[PDB]
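Enquirer: Dropping the structure in here first, questions after.
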Amino acid sequence: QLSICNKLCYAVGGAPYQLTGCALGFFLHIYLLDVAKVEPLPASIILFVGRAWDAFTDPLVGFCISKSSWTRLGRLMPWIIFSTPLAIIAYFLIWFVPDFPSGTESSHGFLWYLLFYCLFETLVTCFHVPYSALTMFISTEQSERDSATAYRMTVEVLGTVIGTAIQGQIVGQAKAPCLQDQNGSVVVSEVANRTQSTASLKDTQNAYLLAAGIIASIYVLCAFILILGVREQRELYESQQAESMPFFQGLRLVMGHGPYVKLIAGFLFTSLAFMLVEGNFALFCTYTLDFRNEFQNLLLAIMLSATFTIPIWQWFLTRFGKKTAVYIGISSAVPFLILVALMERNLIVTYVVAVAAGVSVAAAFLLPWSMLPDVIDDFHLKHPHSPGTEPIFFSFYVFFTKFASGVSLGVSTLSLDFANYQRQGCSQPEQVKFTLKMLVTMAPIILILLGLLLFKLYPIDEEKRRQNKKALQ
(Lines give C-alpha, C1' and ligand atoms only; values in the text may rest on other atoms or scores of the structure.)
Protein backbone atom coordinates (compact mmCIF):
# COMPACT_ATOMS: atom_id res chain seq x y z
CA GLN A 1 0.00 0.00 0.00
CA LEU A 2 2.71 2.46 1.00
CA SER A 3 4.64 4.04 -1.86
CA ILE A 4 8.37 4.58 -2.25
CA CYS A 5 7.84 8.33 -2.59
CA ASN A 6 6.08 8.29 0.79
CA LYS A 7 9.07 6.54 2.35
CA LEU A 8 11.47 9.11 0.87
CA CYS A 9 9.25 11.95 2.08
CA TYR A 10 9.17 10.57 5.62
CA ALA A 11 12.93 9.94 5.51
CA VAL A 12 13.76 13.53 4.54
CA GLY A 13 12.56 14.53 8.00
CA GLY A 14 15.46 12.72 9.63
CA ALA A 15 17.98 15.42 8.71
CA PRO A 16 17.11 18.44 10.87
CA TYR A 17 17.59 17.33 14.48
CA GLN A 18 20.47 14.96 13.80
CA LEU A 19 22.04 17.63 11.57
CA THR A 20 21.91 20.62 13.92
CA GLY A 21 22.86 18.53 16.94
CA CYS A 22 26.03 17.29 15.26
CA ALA A 23 26.86 20.71 13.82
CA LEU A 24 26.49 22.31 17.25
CA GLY A 25 27.85 19.79 19.77
CA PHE A 26 31.22 19.75 18.01
CA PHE A 27 31.57 23.53 17.72
CA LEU A 28 29.89 25.46 20.53
CA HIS A 29 33.05 25.20 22.62
CA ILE A 30 35.66 26.72 20.29
CA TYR A 31 33.14 29.40 19.29
CA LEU A 32 32.86 30.82 22.80
CA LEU A 33 36.64 31.06 23.22
CA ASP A 34 37.89 32.64 19.97
CA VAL A 35 35.08 34.68 18.34
CA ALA A 36 32.77 35.69 21.18
CA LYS A 37 35.44 36.75 23.65
CA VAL A 38 34.02 35.11 26.78
CA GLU A 39 35.81 33.88 29.88
CA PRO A 40 36.35 30.09 29.97
CA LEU A 41 34.25 29.51 33.11
CA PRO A 42 31.09 31.04 31.57
CA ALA A 43 31.64 28.87 28.48
CA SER A 44 31.80 25.74 30.65
CA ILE A 45 28.67 26.76 32.53
CA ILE A 46 26.85 27.39 29.23
CA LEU A 47 27.82 23.93 28.03
CA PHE A 48 26.71 22.26 31.27
CA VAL A 49 23.35 24.05 31.44
CA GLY A 50 22.62 23.49 27.75
CA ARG A 51 23.39 19.79 27.85
CA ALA A 52 21.35 19.39 31.04
CA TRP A 53 18.25 21.25 29.85
CA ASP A 54 17.47 18.95 26.90
CA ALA A 55 17.36 15.86 29.12
CA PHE A 56 14.93 17.62 31.47
CA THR A 57 12.69 18.85 28.63
CA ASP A 58 12.33 15.67 26.57
CA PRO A 59 10.10 13.77 29.07
CA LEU A 60 8.01 16.89 29.69
CA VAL A 61 7.31 17.38 25.99
CA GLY A 62 6.55 13.68 25.63
CA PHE A 63 4.10 13.82 28.53
CA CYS A 64 2.41 17.05 27.40
CA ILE A 65 2.01 15.89 23.80
CA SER A 66 -0.23 12.98 24.86
CA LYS A 67 -2.88 15.30 26.35
CA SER A 68 -3.56 16.99 23.01
CA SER A 69 -7.00 16.87 21.43
CA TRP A 70 -7.31 15.95 17.75
CA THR A 71 -7.51 19.29 15.93
CA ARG A 72 -8.88 20.19 12.49
CA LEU A 73 -5.47 19.40 10.92
CA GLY A 74 -3.71 16.39 12.42
CA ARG A 75 -3.09 15.31 16.01
CA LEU A 76 0.70 14.80 15.94
CA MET A 77 1.77 16.63 12.79
CA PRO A 78 0.59 20.18 13.71
CA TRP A 79 3.22 20.33 16.47
CA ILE A 80 5.78 20.24 13.66
CA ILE A 81 4.26 23.04 11.60
CA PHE A 82 4.06 25.40 14.58
CA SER A 83 7.67 24.74 15.61
CA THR A 84 9.96 25.11 12.58
CA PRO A 85 9.16 28.79 11.73
CA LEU A 86 10.17 29.75 15.27
CA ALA A 87 13.19 27.42 15.30
CA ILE A 88 15.10 28.98 12.38
CA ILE A 89 15.38 32.48 13.82
CA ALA A 90 16.32 31.05 17.22
CA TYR A 91 19.07 28.96 15.65
CA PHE A 92 20.11 31.81 13.39
CA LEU A 93 20.57 34.04 16.44
CA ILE A 94 22.92 31.80 18.40
CA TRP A 95 25.67 31.83 15.76
CA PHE A 96 26.75 35.48 15.84
CA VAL A 97 27.67 38.16 18.36
CA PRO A 98 25.69 41.38 17.85
CA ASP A 99 25.77 42.22 21.52
CA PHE A 100 27.31 45.65 22.24
CA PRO A 101 26.43 46.56 25.85
CA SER A 102 28.61 49.70 25.90
CA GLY A 103 31.95 48.03 26.66
CA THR A 104 31.18 44.28 26.31
CA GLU A 105 30.43 43.44 29.92
CA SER A 106 30.77 39.68 30.33
CA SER A 107 27.98 39.21 32.88
CA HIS A 108 25.84 41.57 30.80
CA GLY A 109 27.11 39.73 27.71
CA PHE A 110 26.78 35.96 27.80
CA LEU A 111 23.03 36.02 28.55
CA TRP A 112 22.55 36.49 24.81
CA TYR A 113 23.78 32.88 24.48
CA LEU A 114 22.31 30.81 27.32
CA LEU A 115 18.68 31.75 26.70
CA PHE A 116 18.92 31.31 22.94
CA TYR A 117 20.64 27.94 23.32
CA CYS A 118 17.96 26.76 25.74
CA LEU A 119 15.15 27.98 23.48
CA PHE A 120 16.64 26.22 20.46
CA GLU A 121 17.05 23.02 22.46
CA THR A 122 13.43 23.11 23.63
CA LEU A 123 12.12 23.88 20.13
CA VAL A 124 14.12 21.06 18.53
CA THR A 125 12.86 18.73 21.26
CA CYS A 126 9.34 19.88 20.38
CA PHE A 127 10.04 18.93 16.76
CA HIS A 128 11.77 15.59 17.36
CA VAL A 129 9.40 13.48 19.47
CA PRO A 130 6.30 13.78 17.22
CA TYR A 131 8.43 13.10 14.15
CA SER A 132 9.83 9.95 15.74
CA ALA A 133 6.30 9.00 16.84
CA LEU A 134 4.76 9.30 13.37
CA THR A 135 6.25 5.84 12.71
CA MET A 136 3.14 4.12 14.12
CA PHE A 137 0.36 6.24 12.57
CA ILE A 138 1.06 5.16 8.97
CA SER A 139 -1.45 2.54 7.79
CA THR A 140 -0.85 0.38 10.90
CA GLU A 141 0.91 -2.33 8.88
CA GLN A 142 3.33 -4.57 10.76
CA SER A 143 6.10 -4.67 8.14
CA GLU A 144 5.80 -1.12 6.83
CA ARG A 145 6.62 0.37 10.24
CA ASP A 146 10.03 -1.31 10.22
CA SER A 147 10.42 -0.45 6.53
CA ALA A 148 9.93 3.25 7.28
CA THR A 149 12.22 3.04 10.31
CA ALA A 150 15.06 1.78 8.12
CA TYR A 151 14.88 4.77 5.77
CA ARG A 152 14.52 7.05 8.79
CA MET A 153 17.75 5.86 10.40
CA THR A 154 19.73 5.90 7.17
CA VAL A 155 19.09 9.65 6.90
CA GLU A 156 20.22 10.27 10.49
CA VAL A 157 23.63 8.70 9.86
CA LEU A 158 24.02 10.66 6.63
CA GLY A 159 23.06 13.80 8.54
CA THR A 160 25.70 13.21 11.19
CA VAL A 161 28.27 12.73 8.42
CA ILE A 162 27.22 15.78 6.38
CA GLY A 163 26.79 18.25 9.25
CA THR A 164 30.41 18.24 10.34
CA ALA A 165 31.72 18.19 6.75
CA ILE A 166 29.72 21.26 5.70
CA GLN A 167 30.99 23.27 8.66
CA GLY A 168 34.53 22.03 8.12
CA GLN A 169 34.69 23.01 4.46
CA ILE A 170 33.07 26.36 5.31
CA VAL A 171 35.31 27.18 8.27
CA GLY A 172 38.76 25.63 8.32
CA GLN A 173 39.92 23.48 11.22
CA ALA A 174 42.37 24.85 13.76
CA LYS A 175 46.00 24.51 12.69
CA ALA A 176 47.72 21.35 13.85
CA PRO A 177 50.96 21.94 15.80
CA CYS A 178 53.09 19.12 14.34
CA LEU A 179 53.49 17.38 10.99
CA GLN A 180 54.34 13.73 10.33
CA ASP A 181 57.03 12.89 7.78
CA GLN A 182 56.18 10.39 5.05
CA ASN A 183 58.89 8.04 6.31
CA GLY A 184 57.32 8.61 9.74
CA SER A 185 58.56 11.26 12.16
CA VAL A 186 57.05 14.20 14.02
CA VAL A 187 58.39 17.71 13.38
CA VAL A 188 57.46 20.31 15.99
CA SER A 189 56.34 23.78 14.96
CA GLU A 190 55.17 27.10 16.39
CA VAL A 191 52.71 29.46 14.70
CA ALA A 192 53.69 32.47 16.86
CA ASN A 193 50.82 34.57 15.51
CA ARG A 194 49.06 37.42 17.29
CA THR A 195 45.86 36.49 15.40
CA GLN A 196 44.06 39.61 16.63
CA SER A 197 43.48 41.52 13.38
CA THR A 198 39.96 42.93 13.29
CA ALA A 199 39.59 42.08 9.59
CA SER A 200 40.08 38.36 10.21
CA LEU A 201 37.59 38.46 13.10
CA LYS A 202 34.95 40.27 11.03
CA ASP A 203 35.55 37.72 8.27
CA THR A 204 35.14 34.71 10.57
CA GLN A 205 31.87 36.07 11.94
CA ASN A 206 30.53 36.31 8.39
CA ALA A 207 31.68 32.75 7.67
CA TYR A 208 29.84 31.41 10.70
CA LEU A 209 26.78 33.43 9.67
CA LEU A 210 26.85 31.87 6.20
CA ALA A 211 27.18 28.35 7.60
CA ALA A 212 24.28 28.90 9.99
CA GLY A 213 22.17 30.28 7.15
CA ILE A 214 22.91 27.26 4.98
CA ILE A 215 21.98 24.84 7.76
CA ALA A 216 18.79 26.79 8.51
CA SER A 217 17.81 26.74 4.84
CA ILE A 218 18.24 22.98 4.60
CA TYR A 219 16.34 22.67 7.90
CA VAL A 220 13.33 24.55 6.56
CA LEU A 221 13.45 22.77 3.20
CA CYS A 222 13.36 19.37 4.91
CA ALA A 223 10.56 20.59 7.18
CA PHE A 224 8.43 21.69 4.23
CA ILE A 225 9.12 18.40 2.45
CA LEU A 226 7.93 16.48 5.51
CA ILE A 227 4.71 18.46 5.98
CA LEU A 228 3.50 17.52 2.46
CA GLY A 229 3.48 13.92 1.28
CA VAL A 230 2.87 11.89 4.44
CA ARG A 231 -0.61 11.89 5.98
CA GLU A 232 -1.27 11.19 9.65
CA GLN A 233 -3.91 8.49 9.21
CA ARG A 234 -7.12 9.18 11.09
CA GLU A 235 -7.60 7.08 14.22
CA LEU A 236 -10.40 4.75 13.11
CA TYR A 237 -10.91 3.24 16.57
CA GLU A 238 -13.21 4.45 19.35
CA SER A 239 -10.28 5.05 21.73
CA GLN A 240 -10.97 7.88 24.19
CA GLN A 241 -11.11 8.65 27.91
CA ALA A 242 -13.97 7.18 29.94
CA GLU A 243 -15.17 8.28 33.38
CA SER A 244 -12.06 6.46 34.65
CA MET A 245 -8.42 7.22 33.71
CA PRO A 246 -7.33 10.17 35.90
CA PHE A 247 -4.61 12.62 34.91
CA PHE A 248 -1.64 10.32 35.66
CA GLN A 249 -3.49 7.11 34.74
CA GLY A 250 -1.38 6.52 31.63
CA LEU A 251 2.11 7.50 32.73
CA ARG A 252 1.76 5.60 36.01
CA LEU A 253 1.22 2.48 33.87
CA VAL A 254 3.63 3.02 30.96
CA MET A 255 6.52 2.54 33.36
CA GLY A 256 6.84 -0.94 34.80
CA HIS A 257 5.18 -2.43 31.72
CA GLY A 258 7.57 -5.39 31.80
CA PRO A 259 9.20 -6.04 28.43
CA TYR A 260 9.61 -2.31 27.73
CA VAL A 261 11.89 -1.60 30.70
CA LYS A 262 13.68 -4.87 29.93
CA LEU A 263 14.49 -3.67 26.41
CA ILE A 264 15.49 -0.26 27.78
CA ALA A 265 18.42 -1.68 29.74
CA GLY A 266 19.86 -3.48 26.72
CA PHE A 267 19.46 -0.39 24.56
CA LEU A 268 21.15 1.71 27.23
CA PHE A 269 24.17 -0.56 27.62
CA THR A 270 24.73 -1.13 23.90
CA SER A 271 24.35 2.57 23.11
CA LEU A 272 26.76 3.52 25.90
CA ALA A 273 29.37 1.07 24.64
CA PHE A 274 29.20 2.27 21.06
CA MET A 275 29.20 5.94 22.08
CA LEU A 276 32.45 5.21 23.91
CA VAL A 277 33.83 3.42 20.86
CA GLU A 278 33.15 6.18 18.35
CA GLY A 279 33.81 9.17 20.60
CA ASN A 280 37.23 7.94 21.66
CA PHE A 281 38.26 6.02 18.54
CA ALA A 282 38.13 9.55 17.15
CA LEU A 283 41.61 10.05 18.63
CA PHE A 284 42.65 6.52 19.69
CA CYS A 285 44.61 6.04 16.47
CA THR A 286 46.34 9.40 16.88
CA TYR A 287 48.34 9.04 20.10
CA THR A 288 48.72 5.41 21.17
CA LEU A 289 49.40 4.70 17.49
CA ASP A 290 51.05 6.58 14.65
CA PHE A 291 48.96 7.98 11.77
CA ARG A 292 48.54 11.52 13.10
CA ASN A 293 48.01 12.80 9.53
CA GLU A 294 44.95 10.84 8.39
CA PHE A 295 42.67 10.12 11.39
CA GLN A 296 40.32 12.84 10.10
CA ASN A 297 39.69 10.51 7.14
CA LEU A 298 39.63 7.26 9.13
CA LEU A 299 36.78 8.55 11.30
CA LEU A 300 34.92 9.61 8.17
CA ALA A 301 35.40 6.07 6.86
CA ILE A 302 34.09 4.41 10.03
CA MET A 303 31.09 6.75 10.17
CA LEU A 304 30.21 6.47 6.46
CA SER A 305 30.51 2.68 6.42
CA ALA A 306 27.53 2.56 8.80
CA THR A 307 25.30 4.10 6.12
CA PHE A 308 25.62 1.59 3.29
CA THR A 309 25.05 -1.26 5.74
CA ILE A 310 21.69 -0.19 7.19
CA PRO A 311 19.84 -1.43 4.07
CA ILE A 312 21.62 -4.79 3.98
CA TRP A 313 21.51 -5.21 7.75
CA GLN A 314 17.76 -4.59 7.64
CA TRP A 315 17.28 -6.98 4.73
CA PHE A 316 19.03 -9.48 7.00
CA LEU A 317 16.34 -8.95 9.63
CA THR A 318 13.48 -9.15 7.13
CA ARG A 319 14.52 -12.83 6.97
CA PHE A 320 14.72 -14.74 10.28
CA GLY A 321 15.65 -11.47 11.99
CA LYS A 322 14.08 -9.20 14.61
CA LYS A 323 15.90 -10.24 17.82
CA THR A 324 17.55 -13.13 15.99
CA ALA A 325 20.02 -10.64 14.48
CA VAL A 326 21.30 -8.47 17.36
CA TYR A 327 23.49 -11.35 18.54
CA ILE A 328 25.19 -11.63 15.16
CA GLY A 329 25.82 -7.89 14.84
CA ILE A 330 27.32 -7.35 18.27
CA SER A 331 29.30 -10.58 17.97
CA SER A 332 30.73 -9.26 14.69
CA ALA A 333 31.64 -6.15 16.67
CA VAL A 334 33.60 -8.27 19.20
CA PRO A 335 36.50 -9.93 17.37
CA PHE A 336 38.13 -7.15 15.37
CA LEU A 337 37.90 -4.82 18.37
CA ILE A 338 39.71 -7.41 20.47
CA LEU A 339 42.14 -7.87 17.56
CA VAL A 340 43.24 -4.26 17.00
CA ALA A 341 44.46 -4.05 20.60
CA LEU A 342 47.23 -6.38 19.39
CA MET A 343 48.98 -6.80 16.02
CA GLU A 344 50.07 -3.19 15.95
CA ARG A 345 50.94 -0.64 13.30
CA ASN A 346 49.94 -2.06 9.92
CA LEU A 347 47.93 0.66 8.06
CA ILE A 348 45.81 -2.13 6.56
CA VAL A 349 44.17 -3.85 9.52
CA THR A 350 43.20 -0.40 10.82
CA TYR A 351 40.84 0.16 7.89
CA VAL A 352 39.19 -3.26 7.88
CA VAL A 353 38.63 -2.99 11.63
CA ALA A 354 37.15 0.48 11.09
CA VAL A 355 34.74 -0.77 8.43
CA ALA A 356 33.75 -3.70 10.65
CA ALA A 357 33.16 -1.33 13.55
CA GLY A 358 30.90 0.66 11.24
CA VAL A 359 28.96 -2.46 10.28
CA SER A 360 28.54 -3.05 14.02
CA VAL A 361 27.45 0.55 14.68
CA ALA A 362 24.69 -0.01 12.14
CA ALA A 363 23.21 -2.85 14.21
CA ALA A 364 23.11 -0.82 17.42
CA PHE A 365 21.64 2.18 15.58
CA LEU A 366 18.92 0.14 13.84
CA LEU A 367 17.75 -2.88 15.83
CA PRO A 368 16.79 -1.33 19.22
CA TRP A 369 14.54 1.15 17.39
CA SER A 370 12.84 -1.31 15.02
CA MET A 371 11.89 -3.58 17.94
CA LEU A 372 9.88 -1.15 20.11
CA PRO A 373 6.74 -1.14 17.89
CA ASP A 374 6.20 -4.82 18.71
CA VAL A 375 6.30 -3.85 22.40
CA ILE A 376 3.71 -1.18 21.61
CA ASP A 377 1.51 -3.84 20.00
CA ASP A 378 1.93 -5.99 23.11
CA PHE A 379 0.91 -3.07 25.33
CA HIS A 380 -2.19 -2.31 23.27
CA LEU A 381 -3.32 -5.94 23.00
CA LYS A 382 -2.56 -7.08 26.55
CA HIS A 383 -4.51 -4.09 27.93
CA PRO A 384 -8.03 -2.71 27.40
CA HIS A 385 -8.91 0.31 25.25
CA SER A 386 -6.31 2.46 27.07
CA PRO A 387 -6.94 5.73 25.18
CA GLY A 388 -3.31 6.08 24.14
CA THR A 389 0.23 6.73 25.37
CA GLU A 390 2.32 6.20 22.23
CA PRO A 391 4.46 9.38 22.46
CA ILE A 392 5.55 8.46 25.98
CA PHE A 393 7.73 5.47 25.07
CA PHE A 394 9.57 7.50 22.45
CA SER A 395 10.15 10.42 24.82
CA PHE A 396 11.65 8.20 27.52
CA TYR A 397 13.66 6.43 24.82
CA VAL A 398 15.21 9.66 23.54
CA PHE A 399 15.85 10.74 27.13
CA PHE A 400 17.82 7.57 27.84
CA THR A 401 19.65 8.03 24.54
CA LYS A 402 20.72 11.52 25.70
CA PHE A 403 21.68 10.02 29.08
CA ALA A 404 23.95 7.42 27.49
CA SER A 405 25.57 9.84 25.04
CA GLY A 406 26.13 12.40 27.80
CA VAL A 407 27.57 9.98 30.32
CA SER A 408 29.94 8.53 27.70
CA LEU A 409 31.72 11.87 27.34
CA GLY A 410 31.75 12.38 31.10
CA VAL A 411 33.35 9.01 31.82
CA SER A 412 35.88 9.51 29.02
CA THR A 413 36.91 12.96 30.22
CA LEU A 414 37.15 11.92 33.87
CA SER A 415 39.18 8.80 33.10
CA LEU A 416 41.60 10.63 30.80
CA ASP A 417 41.98 13.52 33.26
CA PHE A 418 42.89 11.02 35.97
CA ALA A 419 46.03 10.46 33.88
CA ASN A 420 48.39 13.30 33.06
CA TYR A 421 46.60 14.14 29.80
CA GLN A 422 48.78 17.00 28.61
CA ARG A 423 46.59 19.39 26.68
CA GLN A 424 48.67 21.42 24.17
CA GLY A 425 51.59 19.19 23.19
CA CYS A 426 52.56 16.64 20.56
CA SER A 427 53.34 14.08 23.22
CA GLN A 428 51.85 11.32 25.35
CA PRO A 429 52.52 10.18 28.91
CA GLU A 430 52.88 6.48 29.68
CA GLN A 431 49.38 5.65 30.94
CA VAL A 432 47.28 7.79 28.58
CA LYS A 433 48.24 5.70 25.54
CA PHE A 434 47.29 2.64 27.61
CA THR A 435 44.07 3.82 29.26
CA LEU A 436 42.92 5.07 25.86
CA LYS A 437 43.37 1.65 24.24
CA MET A 438 41.76 0.03 27.28
CA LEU A 439 38.71 2.29 27.05
CA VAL A 440 38.38 1.84 23.28
CA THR A 441 38.75 -1.95 23.38
CA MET A 442 38.09 -3.84 26.62
CA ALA A 443 35.32 -1.88 28.36
CA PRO A 444 33.13 -1.98 25.21
CA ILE A 445 33.56 -5.76 25.28
CA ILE A 446 32.40 -5.92 28.91
CA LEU A 447 29.34 -3.77 28.24
CA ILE A 448 28.54 -5.76 25.08
CA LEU A 449 28.70 -9.12 26.85
CA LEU A 450 26.70 -7.89 29.84
CA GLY A 451 24.00 -6.45 27.60
CA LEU A 452 23.89 -9.62 25.52
CA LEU A 453 23.37 -11.58 28.74
CA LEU A 454 20.61 -9.16 29.76
CA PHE A 455 18.97 -8.83 26.32
CA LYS A 456 16.27 -11.47 26.89
CA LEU A 457 13.21 -9.50 25.79
CA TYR A 458 9.93 -11.42 25.94
CA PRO A 459 8.57 -11.13 22.35
CA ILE A 460 10.24 -13.97 20.45
CA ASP A 461 9.18 -14.33 16.79
CA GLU A 462 6.22 -16.47 17.87
CA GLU A 463 4.85 -13.66 20.05
CA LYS A 464 4.74 -11.16 17.20
CA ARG A 465 3.50 -13.72 14.67
CA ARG A 466 0.58 -14.37 17.03
CA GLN A 467 -0.13 -10.78 18.10
CA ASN A 468 -0.35 -9.79 14.43
CA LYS A 469 -3.74 -11.50 14.10
CA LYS A 470 -5.32 -10.19 17.31
CA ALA A 471 -4.28 -6.63 16.37
CA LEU A 472 -7.02 -6.23 13.73
CA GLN A 473 -10.34 -5.68 15.52
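Letters A, B, ... go to the chains of the C-alpha coordinates in the order shown; residues in each chain start at 1; ligands are counted from 1 in the same order.
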What's the 7 Å shell around residue 177 (chain A), counting only C-alpha atoms, without same-chain residues fewer than 5 positions away, as a PyMOL selection string?
Expert: chain A and resi 188-190
Enquirer: Restricting the output to C-alpha atoms, write the selected residues as a tab-separated table (two decimals), in the first residue's frame.
Expert:
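Result went into result.tsv, see below:
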```tsv
chain	number	residue	atom	x	y	z
A	188	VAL	CA	57.46	20.31	15.99
A	189	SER	CA	56.34	23.78	14.96
A	190	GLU	CA	55.17	27.10	16.39
```
Enquirer: Kindly provide the residues of region 39-136 of chain A that approach region 228-242 of chain A to within 10 Å, each paired with its closest atom pair and their distance in Å to one decimal, based on only C-alpha atoms, listed by chain and increasing number, as JSON lines.
Expert:
```
{"residue": "A:70", "atom": "CA", "partner": "A:234", "partner_atom": "CA", "distance": 9.5}
{"residue": "A:73", "atom": "CA", "partner": "A:232", "partner_atom": "CA", "distance": 9.3}
{"residue": "A:74", "atom": "CA", "partner": "A:232", "partner_atom": "CA", "distance": 6.4}
{"residue": "A:75", "atom": "CA", "partner": "A:232", "partner_atom": "CA", "distance": 7.8}
{"residue": "A:76", "atom": "CA", "partner": "A:232", "partner_atom": "CA", "distance": 7.5}
{"residue": "A:77", "atom": "CA", "partner": "A:232", "partner_atom": "CA", "distance": 7.0}
{"residue": "A:134", "atom": "CA", "partner": "A:232", "partner_atom": "CA", "distance": 7.3}
{"residue": "A:135", "atom": "CA", "partner": "A:232", "partner_atom": "CA", "distance": 9.7}
{"residue": "A:136", "atom": "CA", "partner": "A:232", "partner_atom": "CA", "distance": 9.5}
```
Enquirer: For a quick check of understanding, using only C-alpha atoms, which of A:16, A:39, A:83, A:337 has the smallest distance to residue 216 (chain A)?
Expert: A:16
Enquirer: Near residue 198 (chain A), within 12 Å and counting only C-alpha atoms, which residues show up once chain neighbours fewer than 6 positions away are dropped, as an NGL selection string?
Expert: :A and (35 or 204-205)
Enquirer: Grab the residues selected above and save them as an mmCIF file, in the first residue's frame with N, CA and C atoms.
Expert:
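Once everything was written out, this is selection-v8.cif:
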```cif
data_model
loop_
_atom_site.group_PDB
_atom_site.id
_atom_site.type_symbol
_atom_site.label_atom_id
_atom_site.label_comp_id
_atom_site.auth_asym_id
_atom_site.auth_seq_id
_atom_site.Cartn_x
_atom_site.Cartn_y
_atom_site.Cartn_z
ATOM 1 N N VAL A 35 35.843 33.666 19.057
ATOM 2 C CA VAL A 35 35.083 34.684 18.335
ATOM 3 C C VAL A 35 34.307 35.570 19.299
ATOM 4 N N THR A 204 35.570 35.973 9.980
ATOM 5 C CA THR A 204 35.137 34.710 10.570
ATOM 6 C C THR A 204 33.689 34.780 11.031
ATOM 7 N N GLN A 205 33.272 35.930 11.569
ATOM 8 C CA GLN A 205 31.868 36.069 11.943
ATOM 9 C C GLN A 205 30.959 35.882 10.736
#
```
Enquirer: For residue 344 (chain A), which residue out of A:292, A:37, A:437, A:464 is the nearest one, using only C-alpha atoms?
Expert: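 That would be A:437, the residue with the smallest distance to residue 344 (chain A).
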Enquirer: Mind checking which residues fall within 8 Å of residue 310 (chain A), counting only C-alpha atoms, ignoring those fewer than 4 positions away in the same chain, and posting them as a list in words?
Expert: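 Here the qualifying residues turn out to be residues 150, 153, 154, 306, 314, 362, 363 and 366 of chain A.
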Enquirer: Check region 83-284 of chain A with DSSP on the backbone and list each residue it calls helix (DSSP H, G or I), as a count of residues only.
Expert: 130
Enquirer: Which polymer residues have any atom within 10 Å of an atom of residue 80 (chain A), counting only C-alpha atoms, with same-chain residues fewer than 3 positions away left out, as a PyMOL selection string?
Expert: chain A and resi 76-77+83-85+123-124+126-131+223-224+226-227
Enquirer: Would you tabulate, counting only C-alpha atoms, all residues of region 299-418 of chain A that have an atom at most 12 Å from an atom of region 424-430 of chain A, showing the closest pair of atoms and their distance in Å to one decimal, sorted by chain then ascending number, as a Markdown table?
Expert:
```
| residue | atom | partner | partner_atom | distance |
| --- | --- | --- | --- | --- |
| A:416 | CA | A:429 | CA | 11.1 |
| A:417 | CA | A:429 | CA | 11.9 |
| A:418 | CA | A:429 | CA | 12.0 |
```
Enquirer: Just the residues within 12 Å of residue 431 (chain A), please, counting only C-alpha atoms, with nothing from its chain fewer than 5 positions along; format it as a ChimeraX atom specification.
Expert: /A:287-288,415-422,436-439
Enquirer: Output N, CA, C and O atoms for every residue in the selection just made, as a CSV table (one decimal), in the first residue's frame.
Expert:
```csv
chain,number,residue,atom,x,y,z
A,287,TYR,N,47.3,9.0,19.1
A,287,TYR,CA,48.3,9.0,20.1
A,287,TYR,C,49.0,7.7,20.4
A,287,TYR,O,50.2,7.5,20.3
A,288,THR,N,48.2,6.7,20.9
A,288,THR,CA,48.7,5.4,21.2
A,288,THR,C,49.2,4.7,19.9
A,288,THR,O,49.8,3.6,20.1
A,415,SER,N,38.1,9.8,33.1
A,415,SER,CA,39.2,8.8,33.1
A,415,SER,C,40.5,9.3,32.5
A,415,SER,O,41.6,9.0,33.0
A,416,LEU,N,40.4,10.1,31.4
A,416,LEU,CA,41.6,10.6,30.8
A,416,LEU,C,42.2,11.6,31.7
A,416,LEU,O,43.5,11.6,31.9
A,417,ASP,N,41.4,12.5,32.4
A,417,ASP,CA,42.0,13.5,33.3
A,417,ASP,C,42.6,12.9,34.5
A,417,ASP,O,43.3,13.6,35.2
A,418,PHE,N,42.2,11.7,34.8
A,418,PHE,CA,42.9,11.0,36.0
A,418,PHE,C,44.3,10.6,35.6
A,418,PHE,O,45.1,10.2,36.5
A,419,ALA,N,44.7,10.6,34.3
A,419,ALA,CA,46.0,10.5,33.9
A,419,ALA,C,46.5,11.8,33.4
A,419,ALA,O,45.7,12.7,33.1
A,420,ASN,N,47.8,12.0,33.3
A,420,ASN,CA,48.4,13.3,33.1
A,420,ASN,C,48.2,13.7,31.6
A,420,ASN,O,49.2,13.8,30.9
A,421,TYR,N,46.9,13.9,31.2
A,421,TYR,CA,46.6,14.1,29.8
A,421,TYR,C,47.0,15.6,29.5
A,421,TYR,O,46.2,16.5,29.6
A,422,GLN,N,48.3,15.7,29.0
A,422,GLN,CA,48.8,17.0,28.6
A,422,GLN,C,47.9,17.5,27.4
A,422,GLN,O,47.5,16.8,26.6
A,436,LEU,N,43.7,4.8,27.0
A,436,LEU,CA,42.9,5.1,25.9
A,436,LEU,C,42.6,3.8,25.1
A,436,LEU,O,41.5,3.6,24.7
A,437,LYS,N,43.6,2.9,24.9
A,437,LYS,CA,43.4,1.7,24.2
A,437,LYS,C,42.4,0.8,25.1
A,437,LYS,O,41.5,0.1,24.5
A,438,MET,N,42.6,0.8,26.4
A,438,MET,CA,41.8,0.0,27.3
A,438,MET,C,40.3,0.5,27.1
A,438,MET,O,39.4,-0.4,26.9
A,439,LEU,N,40.1,1.8,27.1
A,439,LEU,CA,38.7,2.3,27.0
A,439,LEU,C,38.1,2.2,25.7
A,439,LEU,O,36.9,2.2,25.5
```
Enquirer: Figure out the distance between CA of residue 114 (chain A) and CA of residue 210 (chain A), please, to one decimal in Å.
Expert: 21.6 Å
